[PDB]
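Data block below; observations after.
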Amino acid sequence: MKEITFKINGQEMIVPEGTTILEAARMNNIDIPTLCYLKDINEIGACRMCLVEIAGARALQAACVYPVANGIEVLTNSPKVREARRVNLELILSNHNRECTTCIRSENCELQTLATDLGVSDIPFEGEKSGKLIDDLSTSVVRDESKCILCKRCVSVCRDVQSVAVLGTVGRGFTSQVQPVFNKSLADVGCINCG
Amino acid sequence: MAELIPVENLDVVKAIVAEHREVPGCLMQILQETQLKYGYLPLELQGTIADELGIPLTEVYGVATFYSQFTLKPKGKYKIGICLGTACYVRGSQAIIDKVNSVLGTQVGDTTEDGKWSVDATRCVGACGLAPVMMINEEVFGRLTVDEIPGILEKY
Amino acid sequence: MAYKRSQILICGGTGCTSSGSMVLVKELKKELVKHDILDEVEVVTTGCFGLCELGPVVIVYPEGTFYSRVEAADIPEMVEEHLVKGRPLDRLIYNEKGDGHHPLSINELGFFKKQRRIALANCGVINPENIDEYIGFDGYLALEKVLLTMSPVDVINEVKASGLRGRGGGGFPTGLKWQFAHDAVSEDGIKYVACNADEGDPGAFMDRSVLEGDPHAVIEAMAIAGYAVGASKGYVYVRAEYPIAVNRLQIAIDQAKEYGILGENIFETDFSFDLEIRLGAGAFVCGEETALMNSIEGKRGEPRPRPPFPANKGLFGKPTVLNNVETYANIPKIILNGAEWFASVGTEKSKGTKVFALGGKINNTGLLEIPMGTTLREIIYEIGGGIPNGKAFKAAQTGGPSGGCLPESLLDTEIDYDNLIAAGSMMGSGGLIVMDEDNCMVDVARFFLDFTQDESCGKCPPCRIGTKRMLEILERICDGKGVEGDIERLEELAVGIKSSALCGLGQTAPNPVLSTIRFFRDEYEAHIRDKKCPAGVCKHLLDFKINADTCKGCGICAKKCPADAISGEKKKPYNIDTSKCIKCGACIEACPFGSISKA
Ligand SMILES: Cc1cc2nc3c(=O)[nH]c(=O)nc-3n(C[C@H](O)[C@H](O)[C@H](O)COP(=O)(O)O)c2cc1C
Ligand code: SF4
Ligand code: SF4
Ligand code: SF4
Ligand code: SF4
Ligand code: SF4
Ligand code: SF4
Ligand code: FES
Ligand code: FES
Ligand code: FES
Ligand SMILES: [Zn+2]
């Protein structure tokens with residue numbers, strides 16, 4: 001085991017090597033936003049909400065999977081990183097269905113909590129979304145890809161924890177959807193209906 | 001050019017899989033010789049591959065649909081290509097595209113019913129120095145214009 | 001070797017093979033059989049000569065006579081008139097000035113006068129399929145010095161003294177990469193290396209020119225490369241759609257095995273190092289340093305976030321190195337002629353020469369290799385032969401979509417690292433594209449913006465969502481549906497995207513928009529307010545007017561209007577309904593008198 005010395009907001013920490021700034025700052029009672037990360041399974045950081053500036057860097061780095069290092073200084077309250085988080089927030093919100101009154105999830109959707117968390121007000125944008133196709137042919141699970149925001153947490157948990165992995169990502173850009181194989185339905189493949 | 005083997009012949013597939021198992025990351029290479037030998041990828045063929053490898057369909061189907069150099073559809077006899085690079089575009093290759101759509105009557109990325117004329121989006125063949133650049137099979141025509149389009153199209 | 005009175009080289013470049021160079025080579029040796037001078041006249045397939053405008057290229061040695069635009073209609077003449085009669089033909093010799101003076105050497109011309117061929121010193125000169133021509137032209141001498149006397153520690157000391165910095169676009173010192181690979185210690189002591197030959201950006205075609213010129217020098221640098229960092233295994237990456245290049249490179253591997261050059265116990269030493277080919281099929285996103293790592297391993301081409309670096313974790317948890325081929329080419333030039341030879345050329349910040357590939361409306365089209373420190377004004381005027389047809393130069397684009405435009409106010413720009421980044425552009429692969437007044441500069445920004453949407457790997461939400469959400473602002477201007485203040489909505493995404501990108505496209509994607517607005521702000525206002533295209537290119541913003549003096553009034557264009565927006569009486573110029581036609585433009589070419597102009 002190796003010990004790593006680093007200062008966040010002027011506060012010095014000794015950690016085991018391999019731990020990242022997210023959980024180390026959580027131990028120091030500091031929070032960083034997350035949508036992408038879940039423990040032990042999904043560390044890709046594709047949500048691009050957990051940004052923070054690191055002194056001595058060309059551009060910004062995401063705090064989710066950035067490894068710790070010796071002698072580095074971390075400051076989390078610059079205006080630029082707040083602006084970056086907000087602009088990623090409206091670019092997500094211009095894709096993700098806005099009739100959140102009649103969502104099933106409704107109350108404790110993570111996206112509503114983050115929208116109030118960054119306190120964004122203006123949506124100046126008009127755009128075109130993904131296709132609206134209802135696959136109401138299965139027995140247990142119905143997907144509405146009009147809401148899906150490409151978390152890849154679902155495919156990861158079906159891939160490693162389940163060791164079933166009947167899901168994938170296809171297409172380019174907007175055609176990049178998570179789907180079963182052969183453009184079939186879940187009743188048409190071997191979904192376990194695990195939950 | 002050698003004949004493309006019909007899709008019902010599964011023994012060549014398993015022979016190539018038995019040939020190319022020991023190398024790491026063999027998915028890309030095995031898919032490209034199946035592309036060379038069959039011409040296109042129908043579903044059962046890539047499924048048998050997943051049965052032979054013992055790895056499920058998701059990553060194979062994804063890498064099939066990720067690269068534009070792999071096809072999910074049977075294709076026509078002759079391929080049609082306009083070099084869509086900047087060097088060919090800057091001379092006015094949009095006129096080439098519009099004249100192709102006018103003469104053939106099918107849009108870009110559409111295959112004619114004859115199985116003979118078939119068009120796609122080729123970005124650069126690399127011979128951008130002879131713009132405009134028009135490619136069909138292994139034949140390239142350079143420094144052209146809109147006028148030469150019906151005469152060259154009527155060669156084949 | 002048998003003595004030859006005459007020697008003839010033929011260009012085997014991509015542009016030459018497009019014109020039918022393989023037909024000429026077949027016919028050239030046919031007439032050597034007929035006139036029975038086959039054993040005295042040598043025909044050799046060499047690489048590109050840097051000028052594919054004049055392709056195919058035939059030069060007869062020791063005469064050194066340059067022939068341009070040689071076609072198949074005069075095959076038997078050139079055998080008799082020069083190889084037998086001993087005299088040249090003036091009509092096929094290239095004449096830049098046009099006064100009748102023939103250049104004795106290639107560097108006497110305006111195209112080659114400022115061209116220092118260092119990496120391209122032996123490319124285009126030797127026979128690549130002949131191993132004897134390379135070793136007879138000072139080849140494989142570098143390995144005999146380093147495998148016997150030079151330590152792996154000392155060779156990286158030479159590189160940082162040479163001050164080489166990478167031409168992949170990043171501008172990082174190469175010798176540091178070399179020391180960042182050496183210090184890392186793996187669990188099993190296993191080392192790997194990599195080679196980047198994957199060009200997919202439009203207008204860049206110089207990458208396989210060294211492959212189409214000399215495969216021997218590429219693999220020779222690989223044995224040098226493995227000797228420094230202790231690598232036992234190597235990979236090289238190519239594209240599948242270059243069918244001529246992929247065949248010949250594997251042949252040169254066989255001669256390395258035939259002498260024992262590549263493999264184990266290399267030149268009676270303890271150094272063992274081997275190569276085999278990887279078959280990519282033209283994914284431009286694979287040119288990213290770790291997108292090629294997971295492409296070979298067979299997964300989705302996701303660009304892995306940094307850190308962890310490619311230097312400390314790579315193939316099977318073992319250290320690796322990433323660089324492009326043309327930076328490997330000058331490495332034997334370092335050891336043979338000294339590092340101070342490399343430092344003899346260039347400014348104080350970075351040393352040496354740089355290799356580019358030009359494009360656009362230019363009189364001569366080919367390759368260009370300039371020593372560092374040269375102004376942009378000299379590049380267009382006397383090097384490229386000036387602008388063709390007397391057009392008006394507006395802006396010159398570098399790096400393709402990865403860079404920005406260079407307008408007429410910056411002709412005395414010293415093209416280097418610190419000046420063009422201060423001008424807000426980056427060289428990248430070195431593609432140079434020249435624009436004129438004949439095309440609108442609005443939609444060509446959308447043209448490079450077309451490239452980034454169709455190639456984006458689809459991981460980070462800005463490079464998925466923010467891209468196509470930025471198209472509709474441009475096209476609503478391009479069809480006249482826009483409103484005032486939309487250009488300031490563009491400036492909101494201007495600094496947001498560049499700070500919020502993971503994939504290498506995302507940092508460099510909106511910079512073409514950034515470059516053009518700080519010089520060409522006014523011409524957007526013509527698109528926005530006047531609703532008029534200055535170049536008459538934007539289809540929905542242009543209208544057709546006829547001239548009453550030149551129009552006969554026959555009515556041929558009246559038959560070719562599908563919307564019937566033109567009508568009138570015979571023998572007089574007609575009337576045009578602007579709002580009624582779809583602005584297809586089918587009527588302008590049908591007039592045999594050219595009476596229709598763009599307003
Ligand atoms: C999508 C993508 C494609 C790239 N393609 C190339 C290429 O063809 N040639 C090249 O030298 N660098 C390319 N790069 C940059 C390389 O990451 C890397 O900078 C280069 O191999 C190293 O040269 P450097 O020392 O200047 O960084 C590419 C980067 C990305 C993100
Ligand atoms: S994701 Fe569901 S819960 Fe969240 S805002 Fe949208 S509709 Fe409402
Ligand atoms: S199902 Fe869709 S929204 Fe949910 S984690 Fe998977 S990709 Fe994201
Ligand atoms: S319910 Fe089906 S798709 Fe979902 S994780 Fe379980 S097996 Fe996979
Ligand atoms: S910029 Fe983002 S979306 Fe584009 S290739 Fe890179 S990671 Fe993928
Ligand atoms: S074809 Fe030409 S000359 Fe005849 S009516 Fe039309 S514009 Fe006039
Ligand atoms: S541009 Fe087309 S539609 Fe308009 S008048 Fe001319 S031919 Fe008719
Ligand atoms: S979880 Fe997405 S940036 Fe870290
Ligand atoms: S510019 Fe690439 S093929 Fe013409
Ligand atoms: S392609 Fe023939 S000289 Fe370059
Ligand atoms: Zn315009």
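Ordered as shown in the structure tokens, chains take letters A, B, and onward, while each chain numbers its residues from 1 and ligands are numbered from 1 in the order shown.
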From stretch 50-154 of chain B, collect each residue whose DSSP state is helix (DSSP H, G or I) and return the set as JSON, numbers by chain. {"B": [50, 51, 52, 53, 57, 58, 59, 60, 61, 62, 63, 64, 65, 66, 86, 87, 88, 89, 93, 94, 95, 96, 97, 98, 99, 100, 101, 102, 103, 104, 128, 129, 130, 149, 150, 151, 152, 153]}
So that I can check the surroundings of residue A:2, please list as a list in words every protein, DNA and RNA residue that reaches within 10 Å of it, counting only C-alpha atoms and ignoring chain neighbours fewer than 6 positions away. residues 14, 15, 16, 17 and 18 of chain A
Pull N, CA and C atoms from the residues just selected and write them as an mmCIF file, in the first residue's frame.
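And here is the file that came out, again.cif:
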```cif
data_model
loop_
_atom_site.group_PDB
_atom_site.id
_atom_site.type_symbol
_atom_site.label_atom_id
_atom_site.label_comp_id
_atom_site.auth_asym_id
_atom_site.auth_seq_id
_atom_site.Cartn_x
_atom_site.Cartn_y
_atom_site.Cartn_z
ATOM 1 N N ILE A 14 -3.703 12.458 3.459
ATOM 2 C CA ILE A 14 -2.938 11.248 3.175
ATOM 3 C C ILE A 14 -3.939 10.143 2.874
ATOM 4 N N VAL A 15 -3.834 9.546 1.692
ATOM 5 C CA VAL A 15 -4.792 8.518 1.285
ATOM 6 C C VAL A 15 -4.024 7.286 0.828
ATOM 7 N N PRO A 16 -4.673 6.124 0.828
ATOM 8 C CA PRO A 16 -4.143 4.999 0.052
ATOM 9 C C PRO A 16 -4.142 5.330 -1.433
ATOM 10 N N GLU A 17 -3.150 4.797 -2.142
ATOM 11 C CA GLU A 17 -3.061 5.034 -3.578
ATOM 12 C C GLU A 17 -4.177 4.299 -4.310
ATOM 13 N N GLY A 18 -4.671 4.913 -5.383
ATOM 14 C CA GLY A 18 -5.740 4.356 -6.179
ATOM 15 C C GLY A 18 -7.106 4.930 -5.881
#
```
Within 6 Å of ligand 11, counting only C-alpha atoms and all ligand atoms, which protein or nucleic acid residues do you find, written as a ChimeraX atom specification? /C:440,442,533-535,537-538
Export N, CA and C atoms of the chosen residues as an mmCIF file, in the first residue's frame?
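Output saved as out_29.cif:
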```cif
data_model
loop_
_atom_site.group_PDB
_atom_site.id
_atom_site.type_symbol
_atom_site.label_atom_id
_atom_site.label_comp_id
_atom_site.auth_asym_id
_atom_site.auth_seq_id
_atom_site.Cartn_x
_atom_site.Cartn_y
_atom_site.Cartn_z
ATOM 1 N N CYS C 440 -18.643 31.170 -51.153
ATOM 2 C CA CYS C 440 -19.087 31.813 -49.925
ATOM 3 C C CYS C 440 -18.396 31.171 -48.732
ATOM 4 N N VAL C 442 -19.444 31.305 -45.655
ATOM 5 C CA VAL C 442 -20.369 30.890 -44.605
ATOM 6 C C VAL C 442 -20.513 29.375 -44.589
ATOM 7 N N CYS C 533 -26.122 36.624 -50.593
ATOM 8 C CA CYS C 533 -24.835 35.951 -50.551
ATOM 9 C C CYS C 533 -23.835 36.752 -51.366
ATOM 10 N N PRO C 534 -22.704 37.170 -50.788
ATOM 11 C CA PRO C 534 -21.703 37.911 -51.575
ATOM 12 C C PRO C 534 -21.130 37.119 -52.734
ATOM 13 N N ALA C 535 -20.951 35.810 -52.569
ATOM 14 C CA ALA C 535 -20.430 34.977 -53.642
ATOM 15 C C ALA C 535 -21.524 34.384 -54.517
ATOM 16 N N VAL C 537 -23.532 31.914 -53.698
ATOM 17 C CA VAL C 537 -23.412 30.476 -53.529
ATOM 18 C C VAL C 537 -24.605 29.896 -52.780
ATOM 19 N N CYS C 538 -25.056 30.578 -51.724
ATOM 20 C CA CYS C 538 -26.182 30.114 -50.922
ATOM 21 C C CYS C 538 -27.448 30.070 -51.769
#
```
Selection near residue C:154, 12 Å with only C-alpha atoms, sequence-local residues under 3 positions removed, as an NGL selection string: :C and (146 or 149-151 or 157-161 or 175 or 178-179 or 227-229 or 335)
Please produce a file of those selected residues containing N, CA, C and O atoms, as a PDB file, in the first residue's frame.
```pdb
ATOM      1  N   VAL C 146      24.453   1.603 -33.440  1.00  0.00           N
ATOM      2  CA  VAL C 146      23.800   1.638 -32.136  1.00  0.00           C
ATOM      3  C   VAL C 146      23.755   0.245 -31.513  1.00  0.00           C
ATOM      4  O   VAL C 146      23.825   0.097 -30.285  1.00  0.00           O
ATOM      5  N   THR C 149      27.892  -0.085 -30.288  1.00  0.00           N
ATOM      6  CA  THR C 149      28.596   0.869 -29.440  1.00  0.00           C
ATOM      7  C   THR C 149      27.698   1.739 -28.577  1.00  0.00           C
ATOM      8  O   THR C 149      28.120   2.113 -27.477  1.00  0.00           O
ATOM      9  N   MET C 150      26.489   2.068 -29.019  1.00  0.00           N
ATOM     10  CA  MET C 150      25.679   3.083 -28.364  1.00  0.00           C
ATOM     11  C   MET C 150      24.730   2.430 -27.370  1.00  0.00           C
ATOM     12  O   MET C 150      24.033   1.467 -27.707  1.00  0.00           O
ATOM     13  N   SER C 151      24.709   2.957 -26.136  1.00  0.00           N
ATOM     14  CA  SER C 151      23.830   2.504 -25.070  1.00  0.00           C
ATOM     15  C   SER C 151      22.412   3.032 -25.279  1.00  0.00           C
ATOM     16  O   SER C 151      22.220   4.090 -25.888  1.00  0.00           O
ATOM     17  N   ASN C 157      19.495  10.946 -24.912  1.00  0.00           N
ATOM     18  CA  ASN C 157      20.221  12.189 -24.676  1.00  0.00           C
ATOM     19  C   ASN C 157      20.425  12.954 -25.976  1.00  0.00           C
ATOM     20  O   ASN C 157      20.485  14.189 -25.976  1.00  0.00           O
ATOM     21  N   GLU C 158      20.542  12.233 -27.092  1.00  0.00           N
ATOM     22  CA  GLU C 158      20.704  12.884 -28.384  1.00  0.00           C
ATOM     23  C   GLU C 158      19.423  13.587 -28.812  1.00  0.00           C
ATOM     24  O   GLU C 158      19.469  14.621 -29.488  1.00  0.00           O
ATOM     25  N   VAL C 159      18.269  13.031 -28.437  1.00  0.00           N
ATOM     26  CA  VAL C 159      16.994  13.556 -28.916  1.00  0.00           C
ATOM     27  C   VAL C 159      16.678  14.899 -28.267  1.00  0.00           C
ATOM     28  O   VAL C 159      16.263  15.845 -28.946  1.00  0.00           O
ATOM     29  N   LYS C 160      16.865  15.008 -26.949  1.00  0.00           N
ATOM     30  CA  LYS C 160      16.555  16.265 -26.274  1.00  0.00           C
ATOM     31  C   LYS C 160      17.570  17.343 -26.625  1.00  0.00           C
ATOM     32  O   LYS C 160      17.253  18.537 -26.598  1.00  0.00           O
ATOM     33  N   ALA C 161      18.799  16.939 -26.951  1.00  0.00           N
ATOM     34  CA  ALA C 161      19.747  17.877 -27.536  1.00  0.00           C
ATOM     35  C   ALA C 161      19.307  18.332 -28.919  1.00  0.00           C
ATOM     36  O   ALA C 161      19.585  19.473 -29.302  1.00  0.00           O
ATOM     37  N   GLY C 175      11.617  13.648 -26.992  1.00  0.00           N
ATOM     38  CA  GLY C 175      12.541  12.957 -26.107  1.00  0.00           C
ATOM     39  C   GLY C 175      12.014  12.788 -24.697  1.00  0.00           C
ATOM     40  O   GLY C 175      12.441  11.883 -23.974  1.00  0.00           O
ATOM     41  N   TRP C 178      10.056   9.547 -24.611  1.00  0.00           N
ATOM     42  CA  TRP C 178      11.065   8.515 -24.600  1.00  0.00           C
ATOM     43  C   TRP C 178      11.539   8.253 -23.162  1.00  0.00           C
ATOM     44  O   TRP C 178      11.807   7.109 -22.795  1.00  0.00           O
ATOM     45  N   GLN C 179      11.638   9.310 -22.354  1.00  0.00           N
ATOM     46  CA  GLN C 179      12.059   9.173 -20.954  1.00  0.00           C
ATOM     47  C   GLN C 179      10.864   8.828 -20.055  1.00  0.00           C
ATOM     48  O   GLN C 179      11.031   8.264 -18.974  1.00  0.00           O
ATOM     49  N   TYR C 227      15.244  -0.514 -29.249  1.00  0.00           N
ATOM     50  CA  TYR C 227      16.538  -0.596 -28.583  1.00  0.00           C
ATOM     51  C   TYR C 227      16.630   0.390 -27.428  1.00  0.00           C
ATOM     52  O   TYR C 227      17.263   0.099 -26.407  1.00  0.00           O
ATOM     53  N   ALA C 228      16.011   1.563 -27.574  1.00  0.00           N
ATOM     54  CA  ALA C 228      16.081   2.579 -26.529  1.00  0.00           C
ATOM     55  C   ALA C 228      15.289   2.172 -25.293  1.00  0.00           C
ATOM     56  O   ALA C 228      15.793   2.268 -24.168  1.00  0.00           O
ATOM     57  N   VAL C 229      14.049   1.712 -25.480  1.00  0.00           N
ATOM     58  CA  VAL C 229      13.160   1.449 -24.352  1.00  0.00           C
ATOM     59  C   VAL C 229      13.062  -0.025 -23.993  1.00  0.00           C
ATOM     60  O   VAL C 229      12.286  -0.379 -23.092  1.00  0.00           O
ATOM     61  N   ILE C 335      21.410  10.343 -36.156  1.00  0.00           N
ATOM     62  CA  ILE C 335      22.605   9.609 -35.754  1.00  0.00           C
ATOM     63  C   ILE C 335      23.694   9.700 -36.821  1.00  0.00           C
ATOM     64  O   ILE C 335      24.888   9.725 -36.501  1.00  0.00           O
TER      65      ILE C 335
END
```
Expressed in Å to a single decimal, how great is the separation between atom CA of residue C:555 and atom CA of residue C:593?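 The value is 11.5 Å.
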Exercise: stretch 136-150 of chain A partners within 10 Å, only C-alpha atoms, chain neighbours under 3 positions left out, as a ChimeraX atom specification: /A:36,46-47,92-93,95-98,103,129-133,153-155,169,176-179,185-188,191,193-195 /C:458-461
Based on the selection just made, write C-alpha atoms of those residues as a compact mmCIF listing (two decimals), in the first residue's frame.
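Heads up, here's the output in selection_25.txt:
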```txt
# COMPACT_ATOMS: atom_id res chain seq x y z
CA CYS A 36 -22.32 8.41 -14.40
CA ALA A 46 -19.31 10.13 -19.52
CA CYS A 47 -21.85 12.32 -17.72
CA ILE A 92 -28.62 17.61 -21.54
CA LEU A 93 -32.02 19.22 -20.93
CA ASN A 95 -32.57 16.25 -25.27
CA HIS A 96 -34.22 14.81 -22.27
CA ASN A 97 -38.11 14.98 -22.38
CA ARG A 98 -39.47 18.00 -20.46
CA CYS A 103 -43.08 10.97 -15.67
CA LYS A 129 -34.93 14.68 -30.16
CA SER A 130 -34.57 10.94 -30.61
CA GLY A 131 -37.32 8.85 -32.16
CA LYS A 132 -40.44 7.96 -30.20
CA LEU A 133 -41.04 4.19 -30.38
CA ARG A 153 -25.20 2.20 -16.26
CA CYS A 154 -27.87 -0.23 -17.42
CA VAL A 155 -25.64 -1.95 -19.97
CA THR A 169 -25.00 0.67 -28.05
CA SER A 176 -26.45 5.92 -30.95
CA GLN A 177 -29.10 4.17 -28.87
CA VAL A 178 -28.91 1.43 -26.29
CA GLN A 179 -30.87 -1.47 -27.75
CA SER A 185 -37.75 -6.81 -28.22
CA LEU A 186 -36.87 -8.11 -24.77
CA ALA A 187 -39.49 -10.86 -25.07
CA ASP A 188 -37.74 -11.78 -28.34
CA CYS A 191 -33.87 -11.25 -20.85
CA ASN A 193 -36.33 -10.01 -16.05
CA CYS A 194 -33.98 -9.56 -13.10
CA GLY A 195 -34.96 -6.01 -12.22
CA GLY C 458 -20.65 9.48 -29.47
CA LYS C 459 -19.44 9.48 -25.87
CA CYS C 460 -19.44 12.94 -24.50
CA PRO C 461 -22.77 14.81 -24.65
```
Contact check, chain C to ligand 10, at most 8 Å, counting only C-alpha atoms and all ligand atoms, closest pairs as CSV:
```
residue,atom,partner,partner_atom_place_in_ligand_line,distance
C:11,CA,ligand 10,2 (Fe),4.8
C:12,CA,ligand 10,2 (Fe),6.1
C:13,CA,ligand 10,1 (S),3.7
C:14,CA,ligand 10,1 (S),5.3
C:15,CA,ligand 10,1 (S),4.4
C:16,CA,ligand 10,2 (Fe),4.6
C:17,CA,ligand 10,1 (S),7.7
C:47,CA,ligand 10,4 (Fe),7.2
C:48,CA,ligand 10,4 (Fe),3.7
C:49,CA,ligand 10,3 (S),3.8
C:50,CA,ligand 10,4 (Fe),4.6
C:51,CA,ligand 10,3 (S),4.5
C:52,CA,ligand 10,4 (Fe),3.8
C:53,CA,ligand 10,3 (S),7.5
C:54,CA,ligand 10,3 (S),7.0
C:55,CA,ligand 10,2 (Fe),4.7
C:56,CA,ligand 10,2 (Fe),5.4
C:57,CA,ligand 10,3 (S),5.9
C:366,CA,ligand 10,4 (Fe),6.4
C:367,CA,ligand 10,4 (Fe),7.6
```
Please, could you write that set of residues out with C-alpha atoms as a PDB file, in the first residue's frame?
```
ATOM      1  CA  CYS C  11       5.994   7.846 -60.343  1.00  0.00           C
ATOM      2  CA  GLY C  12       3.881   5.322 -58.458  1.00  0.00           C
ATOM      3  CA  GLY C  13       1.881   7.848 -56.469  1.00  0.00           C
ATOM      4  CA  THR C  14      -1.845   7.796 -55.808  1.00  0.00           C
ATOM      5  CA  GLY C  15      -2.530  10.667 -58.209  1.00  0.00           C
ATOM      6  CA  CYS C  16      -0.408   9.064 -60.924  1.00  0.00           C
ATOM      7  CA  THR C  17      -2.148   5.684 -60.610  1.00  0.00           C
ATOM      8  CA  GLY C  47       7.413   6.918 -55.014  1.00  0.00           C
ATOM      9  CA  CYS C  48       5.819  10.325 -55.344  1.00  0.00           C
ATOM     10  CA  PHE C  49       7.992  13.182 -56.586  1.00  0.00           C
ATOM     11  CA  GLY C  50       6.111  15.895 -54.677  1.00  0.00           C
ATOM     12  CA  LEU C  51       4.234  17.213 -57.743  1.00  0.00           C
ATOM     13  CA  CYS C  52       1.191  15.138 -58.705  1.00  0.00           C
ATOM     14  CA  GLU C  53      -0.164  17.997 -60.828  1.00  0.00           C
ATOM     15  CA  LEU C  54       2.270  16.967 -63.582  1.00  0.00           C
ATOM     16  CA  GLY C  55       1.588  13.260 -63.040  1.00  0.00           C
ATOM     17  CA  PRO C  56       2.704  10.913 -64.428  1.00  0.00           C
ATOM     18  CA  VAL C  57       6.381  11.898 -64.152  1.00  0.00           C
ATOM     19  CA  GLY C 366       1.595  18.495 -54.692  1.00  0.00           C
ATOM     20  CA  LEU C 367       3.691  18.258 -51.541  1.00  0.00           C
TER      21      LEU C 367
END
```
Stretch 507-510 of chain C environment, 6 Å, only C-alpha atoms, sequence neighbours closer than 5 positions dropped, as JSON, numbers by chain: {"C": [402, 498, 501]}
Limited to N, CA and C atoms, could you put the picked residues into a file as a PDB file, in the first residue's frame?
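What ended up in part.pdb:
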```pdb
ATOM      1  N   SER C 402      -9.437  20.857 -38.118  1.00  0.00           N
ATOM      2  CA  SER C 402      -8.742  21.008 -36.851  1.00  0.00           C
ATOM      3  C   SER C 402      -8.174  22.405 -36.642  1.00  0.00           C
ATOM      4  N   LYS C 498     -15.413  23.956 -25.616  1.00  0.00           N
ATOM      5  CA  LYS C 498     -13.978  23.689 -25.607  1.00  0.00           C
ATOM      6  C   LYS C 498     -13.463  23.326 -24.223  1.00  0.00           C
ATOM      7  N   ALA C 501     -14.941  18.889 -23.086  1.00  0.00           N
ATOM      8  CA  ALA C 501     -14.770  17.838 -24.078  1.00  0.00           C
ATOM      9  C   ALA C 501     -13.861  16.749 -23.534  1.00  0.00           C
TER      10      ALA C 501
END
```
Please extract the residues at most 8 Å from ligand 8, counting only C-alpha atoms and all ligand atoms, and provide them as JSON, numbers by chain, using the chain letters and residue numbers of this document. {"A": [33, 34, 35, 36, 37, 43, 44, 45, 46, 47, 48, 49, 50, 51, 62, 63, 64, 65]}
Between B:40, B:141, B:67, B:78, which residue has the minimum interatomic distance to chain A, considering only C-alpha atoms?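 Of B:40, B:141, B:67, B:78, the one nearest chain A is B:67, counting only C-alpha atoms.
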Output as a list in words the set of chain A residues within 7 Å of chain C, with distances taken over only C-alpha atoms.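 Result, ordered by chain then number: residues 46, 59, 60, 66, 84, 87, 91, 127, 172, 173 and 176 of chain A.
Here is the contact set of chain B against chain C, at 6 Å and counting only C-alpha atoms: residues 25, 27, 28, 85, 86, 87, 126, 127 and 140 of chain B.
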